[PDB]
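Below are two forms of the same protein chain, given as structure tokens: structure 1, then structure 2.
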Structure 1
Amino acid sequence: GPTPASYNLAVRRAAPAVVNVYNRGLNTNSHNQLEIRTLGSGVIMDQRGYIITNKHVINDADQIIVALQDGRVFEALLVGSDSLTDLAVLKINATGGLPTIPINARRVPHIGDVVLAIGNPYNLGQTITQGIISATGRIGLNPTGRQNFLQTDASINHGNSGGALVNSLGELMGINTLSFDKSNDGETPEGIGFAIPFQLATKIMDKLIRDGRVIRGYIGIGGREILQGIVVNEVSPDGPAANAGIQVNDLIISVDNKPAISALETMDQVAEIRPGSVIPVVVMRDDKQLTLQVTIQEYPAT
């Protein structure tokens, strides 16, 4: 007869590649027994054993365990992690083949697309929740970051971090990262969750495998939006910015001969500038225009 409305197809395509991640730590105050400190999920990306998860899932782990839905359990090597995207890459050494998440480089995330969140909430076991893409390009709950979140109302709980957000074809849309739970009038928020889009996720992963960390250019300032531009609100004391003489209240209009149109696109711009470069930034103090040379440094670590 007729068939029930179902997203089972997407589950069967994508869910085998979403793993349970366990962060175990040594009980140093006892006798170094390994105890769970936190848990989450991960996504197997290719057949070489590379897995994307969140950094906060695996931070300071003495043992990272990766458990597949088909029963296989692995000790994982931390390939690297990036604190500003809250992404981290794990490697497992599986010789018999792996389930990999479906990826469509051509698919554009559209607001209103049906998405399925696949994770291990509260260690209940793999769980599928359904919603839509609620928004794109969100900064989440802290106002400064390069996370460029997809927003979704598929139910995300503790344990979903690092798992897959997937459309109805099984295609990876994002890595579920964070759920909203603070409020002004003390209400508890509902159906507001964020996931790093897969395009940026794969980009961070390839950098993590290549270099072991995410190398970014960095000037050493703190700016703000709107004579449109960026205003220096503070400068790090040994920032390249500082050594180059940029000061506070200075209106930045150009950075490496690209208009300082918005802090987010300028923040992306400087990050890809290889450290050690010398770029011009056009500045303004008291309506008088200056062009100063800044020697790009690498963004400090965490």
Structure 2
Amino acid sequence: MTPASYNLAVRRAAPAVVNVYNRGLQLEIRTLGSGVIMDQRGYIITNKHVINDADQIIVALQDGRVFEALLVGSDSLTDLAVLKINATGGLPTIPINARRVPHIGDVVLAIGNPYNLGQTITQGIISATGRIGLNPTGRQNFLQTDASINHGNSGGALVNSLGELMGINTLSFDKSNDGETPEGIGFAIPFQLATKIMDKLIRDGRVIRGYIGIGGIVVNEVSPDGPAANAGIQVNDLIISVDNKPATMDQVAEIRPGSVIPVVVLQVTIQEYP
């Protein structure tokens, strides 16, 4: 027989997972992390928490090359950041299958640089999808996995047995309150969302979201309100059609500022989410 192995996925994807170093003024390493080479142009996704307050960001490929990288953009909400390196002899890129839909139970491999020991691969499965993550009241779409994720894995890749990118490993449940240590609970930003964020970053330098004038279906805040909610809308009440579309959270941010949008229960201009 032949030994059971996910070496295929490793050979296909690991080469594109790089080690990220956030150095800060002499220049000293402030934090380690990982990153994924998305395409030949040299664009790399990583966690914003990894490259924050970096005086100089360095990327090191598994093939030995090392580059200084350009921070094209970052997003707090998604904790995503996009880097750029200018290679010339070709770059290894992460396999991406946009038609593939991750399923709970799919086998996955976490690829990163844990504690700077060097690139390591860990395997688990997709434990859940559509998870708000480590902290509620500020939901998101997270992928949950039990593939061992440690400090250093952030910004790295989560791939299936074919080497296809499933997500970008972000943080991990380190300790539930002041009591014990959770085991096998890690999160990753879904590749589909990371791709949509990367493109926005490459194009604008940041994510331009469409904000209007409400916070906290019904409409009412458990704390004060804002200005922009004075273009032609009531106080606290539900709504239906917004910009020739029946009821909506992700669509208002998807609209770019400057534009005027009609509402009901009749026009407002889109401001940028502060």
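The term rigid core refers to the maximal set of C-alpha atoms that superpose within 1.5 Å between the two forms. Just so we're on the same page, residue numbers count up from 1 along structure 1's sequence.
Core-superposed comparison between structure 1 and structure 2: among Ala61, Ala244, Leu39, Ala67, the single residue whose C-alpha moves by 2 Å or more is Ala244. Core-aligned CA deviation for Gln147 between structure 1 and structure 2: 2 Å or greater.
Core-aligned CA deviation for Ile52 between structure 1 and structure 2: less than 2 Å.
After superposing the rigid core, the C-alpha of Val278 moves by 2 Å or more between structure 1 and structure 2. Taking the rigid core as reference, the CA displacement of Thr177 between structure 1 and structure 2 comes to 0.1 Å. Comparison between structure 1 and structure 2 places the CA of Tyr218 1.9 angstrom away from its other position, after core fitting.
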